[PDB]
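Chain by chain, the residues:
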Amino acid sequence: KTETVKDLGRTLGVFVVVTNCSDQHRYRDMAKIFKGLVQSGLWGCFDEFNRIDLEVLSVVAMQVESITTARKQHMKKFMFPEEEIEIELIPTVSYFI
Amino acid sequence: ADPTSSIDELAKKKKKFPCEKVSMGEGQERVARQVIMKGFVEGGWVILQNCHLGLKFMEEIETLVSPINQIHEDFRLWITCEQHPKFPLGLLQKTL
Amino acid sequence: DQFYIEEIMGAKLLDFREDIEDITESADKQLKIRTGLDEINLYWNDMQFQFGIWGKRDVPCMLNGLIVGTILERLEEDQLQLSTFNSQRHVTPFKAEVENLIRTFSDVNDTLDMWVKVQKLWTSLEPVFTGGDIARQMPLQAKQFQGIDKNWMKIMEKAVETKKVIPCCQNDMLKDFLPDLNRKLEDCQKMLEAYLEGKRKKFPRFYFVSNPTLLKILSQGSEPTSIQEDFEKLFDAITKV
Amino acid sequence: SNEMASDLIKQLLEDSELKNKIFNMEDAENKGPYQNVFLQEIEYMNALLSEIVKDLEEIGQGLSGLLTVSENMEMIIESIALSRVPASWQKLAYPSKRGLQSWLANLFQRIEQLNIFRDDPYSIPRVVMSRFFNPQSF
Amino acid sequence: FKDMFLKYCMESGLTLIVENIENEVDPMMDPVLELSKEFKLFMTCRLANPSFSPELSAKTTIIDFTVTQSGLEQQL
């Protein structure tokens, strides 16, 4: 799984970042991660994404839906939830769990 | 299959106001609590979602829906969940 | 306290054995409870006083109790025994001393707790403002922390002169400052999150970097040396340049 | 009125416990006249502010310390209730009128920048280049 | 409960009601079972069809509060 995702990243020439979610996680770090992704244009692979708080899953749903809509209209500048300062975006981003 | 559209169409024909919605999770306990308190003092409608997860807020609900803390009339509550055992029957004994 | 067995027997032994026996077993349990009070007072007045000090890297010294776990638990069951005695029927004499003892212990408890939590906050905040660049960039809360430091050093020197934590806690002026200092430190944390949002905006890739290693990265002080060991967790595969 | 007097000592002077009590290092009277110009204003305010802080604490020990009531006590309590620093604060120097509101602050910033003008690590040779009480001498 | 609620009830008689018997017994429960003269103790289990040991029946009396369908008819 992670090998195939990383290999697709490698053959596309992009930089993949793998992280390990756990029950001790909170949404502030997930938001930091997603902001870094949308700013840089790298790929993200949250290995073992299920072993995390249902609560975190819920708020991550809102965050990921916001960024998905943001990428949908091909708009250069977009607004991120819980974070007041407006933030940019680079198209060639991706999510994997 | 989801009746959320239907329930919302219902909140528009007999009730005059759009319901408020909170998806169950983190930064949502206090969020669901404060919107419930707003529904308590006004009499609006609240739509909880994904109660099959984030069960720690469920046991609080039965204490909230009580004759002690008075609630304004017309306040309804709509709960949606899925098949998750280890679901305390506090509301399962008292619900529709 | 002055007679003979002829007199104690002139008091009829069998007829008054009910009374003498109530008093006899009562006094046996009274000796029990009296030791239970005596030894606990002897130990509690000669309690251990060893504290681990963070360091002498300034004029005053800041210490913490690495035995306060033992202190607190022994306090808990101490008040347990004292309440148990006072609740039992046969404890007529102890009410005068046991109550004062319980009061001193109960007060030193919560005073200790507030003091130690604020010490944790300050021990967290010290190395942040040890650095020069950040202290210059945010001068306001730096001098606010200096004010809390002066108050803190006054409290620490009061502790050192007391040399006994029970009177140090019996100090009354202490209890006023601690919560105010707490709320002030909360204000500081608000401003600090403001500065954190400020710091995150610079150079996206730092999002996959934790806080202290990022401070290290930004404190280069040199062109080659400081970053030559950090290229790996900042790029994919580059290691040396 | 009364509390903030002692509280602002702990709130303002705690940052200026050096400045209201500073002494220049003796280089002594050196070549530069402007240096000696600077010097005489430095000793003006430092003496003045030293006089001011005495007033702040002797009132403090009058309130929450053991001291009998003198004449200056009633005059300063009606002045601190009037919020206007009395004629003594005006006789020593001429800052703004409202002696309580942001009046320490005007003197506060002035005495900060003054301390920088005396010892900046660049104004040690007395080379520095609103806070002046006598620009015509400059 | 193992230390406080015992010595309080054993020396002052607060009746120490227990409500989570599941055929497991903390060994300390028994020597207290068999000294204030103002102390009683009522304990009960929750799940039906017990498997009590032979000796646990020797100490305490056993009453079944299973209702039934038969009793249900009289209330209806």
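Refer to the structure printed above.
Presented here is an overview of the structure given in this document.

Looking now at the overall build of chain E. For chain E, the helix and strand inventory stands at four helices and two strands. Each helix (α) and strand (β) of chain E, taken in turn from the N terminus, gives the series α-β-α-β-α-α. Here the C-alpha radius of gyration of chain E, 16 Å, is well above what a compact globule of 76 residues would show, namely 11 Å. On the principal axes, the C-alpha backbone points of chain E span a range of 45 × 25 × 20 Å.

Turning our attention to the pattern of salt bridges. Per the stated rule, a full pass over the model turns up 24 salt bridges over all chains. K21 of chain D is the partner of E17 of chain D in a salt bridge, and the nearest nitrogen-oxygen pair spans 2.8 Å. Since its relative accessible area comes to 38%, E17 of chain D is described here as partly exposed. Across the salt bridge formed by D26 of chain E and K2 of chain E, the nearest N and O atoms sit 2.8 Å from each other. Of this pair, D26 of chain E sits in the loop between β1 (18-21) and α2 (29-33) while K2 of chain E sits in the segment before α1 (4-12), placing them 24 residues apart in sequence. By relative accessible area, which is 36% here, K2 of chain E ends up partly exposed. The network of salt bridges with common partners includes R26 and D53 of chain A together with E26 of chain B.

Bringing the interface of chain A and chain C into the picture now. Between chain A and chain C, the contact holds twelve residues from the first and nine residues from the second. Of the roughly 1,100 Å² buried between chain A and chain C on both sides combined, carbon and sulfur atoms contribute 63%. Among the residues of chain A in contact with chain C, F15, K32 and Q39 of chain A are the three that bury the most area, contributing 43% of the side total. Across the chain A-chain C interface, the total number found is zero salt bridges. At the junction of chain A with chain C, the criterion picks out one residue pair in polar contact. Broken down by element, the residue count for the side of chain A that touches chain C peaks at seven residues, all from helix α2 (residues 27-40) of chain A. Counted by class, the side of chain A that touches chain C contains six nonpolar, three polar and three charged residues.

Residues and elements named next belong to chain C. Mapped onto the elements of the fold, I217 is located in helix α9 (residues 211-218). For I217, a relative accessible area of 9% corresponds to the buried category. Separated by 13 residues in sequence, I217 and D230 place their C-alpha atoms 7.8 Å apart.

This next bit is on the nonpolar core. Residue and element names in this part refer to chain C. Core analysis: the biggest nonpolar cluster contains 42 residues, and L82, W115 and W152 have the highest contact counts within it. Where this core is concerned, the elements lending two or more residues are α2 (17-45), α3 (68-87), α4 (95-130), α6 (139-162), α7 (165-170) and α8 (173-200). Considering every element that reaches this core, the biggest residue donor is α4, with eleven residues. Setting aside anything within four residues of it in sequence, one finds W115 in contact with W152, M156, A159, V165, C168 and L178.

Residue and element names in this part refer to chain A. Reading across the sheet, the three strands line up as β1-β2-β5 and stay open at both edges, with parallel pairing between neighbours. Looking at strand neighbours, the two that pair on one side only are β1 (16-20) and β5 (94-96), the edges of this open sheet. With direction set aside, neighbouring strand axes in the sheet form an average angle of 15°. In the packing of α2 onto the sheet, contacts are made with β2 (43-47) and β5, and the angle to β2 comes to roughly 155°.

The residue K86 of chain B is not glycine, and still its phi comes out positive at about 60°. Relative to the assigned elements, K86 of chain B resides in the segment after β3 (76-78). For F203 of chain C, which is not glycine, the phi dihedral falls at a positive 60°. Locating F203 of chain C in the fold gives a position in the loop between α8 and α9.

Attention shifts here to the sheet that holds strand β2 (residues 45-49) of chain B. All names here are of chain B. Reading across from one edge, β1-β2-β3 is the order of the three strands in this open sheet, with parallel pairing throughout. Two strands bound the open sheet, and with one partner strand each, they are β1 (20-23) and β3. This sheet shows a mean twist of 20° between the axes of neighbouring strands, independent of strand direction.

Residues and elements named next belong to chain A. Position of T2 among the secondary structure elements: in helix α1 (residues 2-12). In sequence terms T2 and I97 are 95 residues apart; their C-alpha atoms lie 9.1 Å from each other. Other than its neighbours up to four places away in sequence, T2 contacts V18, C45 and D47.

Counted under the stated rule, the structure contains 16 aromatic pairs over all chains. Measuring from ring centre to ring centre gives 5.3 Å for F34 of chain A and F46 of chain A, while their planes differ by 25°; the resulting arrangement is stacked. Placement of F34 of chain A in helix α2 and of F46 of chain A in strand β2 is noted, with a sequence separation of twelve residues between them. According to the relative accessible area criterion, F46 of chain A is buried, its value standing at 3%. Measuring from centroid to centroid gives 6.5 Å for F117 of chain D and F132 of chain D, while their planes differ by 80°, and the two rings are edge-to-face. For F117 of chain D, a relative accessible area of 18% puts it in the buried group. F132 of chain D gets classed as partly exposed once you look at its relative accessible area, which sits at 38%. One aromatic cluster is present, built from ring pairs that chain together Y34, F38, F117, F132 and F138 of chain D. Above the ring of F235 of chain C, the side-chain terminus of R205 of chain C is found at 5.3 Å from the ring centroid. Cation over ring: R110 of chain D sits above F133 of chain D, and NZ or CZ is 3.5 Å from the ring centre.

Rules of the game
- Residues numbered from 1 in each chain as written, not as in the entry; some residues may be left out.
- Chains lettered and ligands numbered in written order.
- Part of a larger assembly, values for the part shown.
- Heavy atoms only, no water.
- Residues with missing side-chain atoms left out of burial classes, pairs and counts.
- Helix = DSSP H or I, 4+ residues; strand = E, 2+ residues; numbered from the N terminus.
- Rg over C-alpha atoms; globule rule 2.2 N^0.38 Å.
- Salt bridge = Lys/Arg side-chain N within 4 Å of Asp/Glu carboxyl O.
- Buried < 20%, exposed > 50% of the residue type's maximum accessible area, 1.4 Å probe, protein only.
- Contact = heavy atoms within 4.5 Å.
- Buried area = accessible area lost by both parts, 1.4 Å probe.
- Polar contact = N/O pair within 3.5 Å; in protein donor to acceptor, adjacent residues only side chain to side chain.
- Nonpolar A, V, L, I, M, F, W, Y, C, P; charged D, E, K, R; others polar.
- Core = buried A, V, L, I, M, F, W, Y, C linked by side-chain atoms within 4.5 Å.
- Pairing = 2+ DSSP bridges.
- Axes fitted to C-alpha atoms, helices over the stretch in contact; angles between N-to-C directions.
- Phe/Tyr/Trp six-rings, centres within 6.5 Å; stacked < 30°, edge-to-face > 60°.
- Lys NZ or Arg CZ within 6 Å of the ring centre and 35° of its normal.

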